[PDB]
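Working notes, beginning with the structure itself.
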Amino acid sequence: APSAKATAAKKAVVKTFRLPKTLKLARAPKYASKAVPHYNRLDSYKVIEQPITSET
Amino acid sequence: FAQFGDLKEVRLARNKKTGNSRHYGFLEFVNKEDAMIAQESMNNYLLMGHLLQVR
């Protein structure tokens, strides 16, 4: 027989997938593309253009 | 050497005058297969200070 204890001693001597939800960083640009904010495109005054004085 | 299996006899060559060993000795196993396996596994096994030699 090989004396399995000797074999153990010899061994000791010798020795559905899917895209994981990875962390996503939110946008944090170093600078704003249009830092200077734009004024109201359609303010209250611009909503009403001209009065209508038709007799009807 | 008992880890590999049962050891029958072990003796060490010591100086007659001083108790220190001569760094060599002999030992016998109850099975020839175990003895040859141990020799193969320790044929050139590196040890502290010097590589062990077994035949």
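Residue numbering restarts at 1 for every chain of the structure tokens, chains are lettered A, B, ... in their displayed order, and ligands are numbered from 1 as they appear.
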key: At most 12 Å to chain A: residues in chain B, only C-alpha atoms, as an MDAnalysis selection string   = chainID B and resid 1:7 29:43 45:46
ask   = Which of chain B counts as alpha helix (DSSP H) under DSSP, as a list in words please?
value = residues 32, 33, 34, 35, 36, 37, 38, 39, 40 and 41 of chain B
Selected residues written out with N, CA and C atoms, as a JSON list (two decimals), in the first residue's frame:
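As a result, again-v9.json now contains:
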```
[["chain", "number", "residue", "atom", "x", "y", "z"],
["B", 32, "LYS", "N", 9.02, 0.33, 2.92],
["B", 32, "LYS", "CA", 9.98, 0.83, 1.94],
["B", 32, "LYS", "C", 9.37, 1.94, 1.09],
["B", 33, "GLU", "N", 8.09, 1.80, 0.72],
["B", 33, "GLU", "CA", 7.45, 2.82, -0.09],
["B", 33, "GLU", "C", 7.44, 4.17, 0.61],
["B", 34, "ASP", "N", 7.10, 4.18, 1.91],
["B", 34, "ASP", "CA", 7.11, 5.42, 2.66],
["B", 34, "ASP", "C", 8.51, 6.01, 2.73],
["B", 35, "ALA", "N", 9.52, 5.16, 2.94],
["B", 35, "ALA", "CA", 10.89, 5.66, 3.02],
["B", 35, "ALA", "C", 11.33, 6.30, 1.71],
["B", 36, "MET", "N", 11.04, 5.65, 0.58],
["B", 36, "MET", "CA", 11.43, 6.23, -0.70],
["B", 36, "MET", "C", 10.64, 7.49, -1.01],
["B", 37, "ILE", "N", 9.37, 7.54, -0.61],
["B", 37, "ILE", "CA", 8.58, 8.76, -0.80],
["B", 37, "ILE", "C", 9.18, 9.90, 0.00],
["B", 38, "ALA", "N", 9.56, 9.63, 1.25],
["B", 38, "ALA", "CA", 10.19, 10.66, 2.07],
["B", 38, "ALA", "C", 11.51, 11.12, 1.47],
["B", 39, "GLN", "N", 12.32, 10.18, 0.98],
["B", 39, "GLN", "CA", 13.58, 10.55, 0.36],
["B", 39, "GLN", "C", 13.36, 11.43, -0.87],
["B", 40, "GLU", "N", 12.38, 11.07, -1.70],
["B", 40, "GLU", "CA", 12.09, 11.87, -2.89],
["B", 40, "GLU", "C", 11.60, 13.26, -2.51],
["B", 41, "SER", "N", 10.74, 13.35, -1.50],
["B", 41, "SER", "CA", 10.20, 14.65, -1.10],
["B", 41, "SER", "C", 11.23, 15.51, -0.39]]
```
task = Would you mind reading off the distance between atom CA of residue B:26 and atom CA of residue B:10, one decimal, in Å?
result =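 Atom CA of residue B:10 lies 6.2 Å from atom CA of residue B:26.
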request  = To one decimal in Å, tell me the separation between atom CA of residue B:13 and atom CA of residue B:27.
outcome  =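 These atoms are spaced 11.1 Å apart.
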query = Which distance in Å separates atom CA of residue B:23 and atom CA of residue B:47, to one decimal?
reply =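 Atom CA of residue B:23 sits 12.7 Å away from atom CA of residue B:47.
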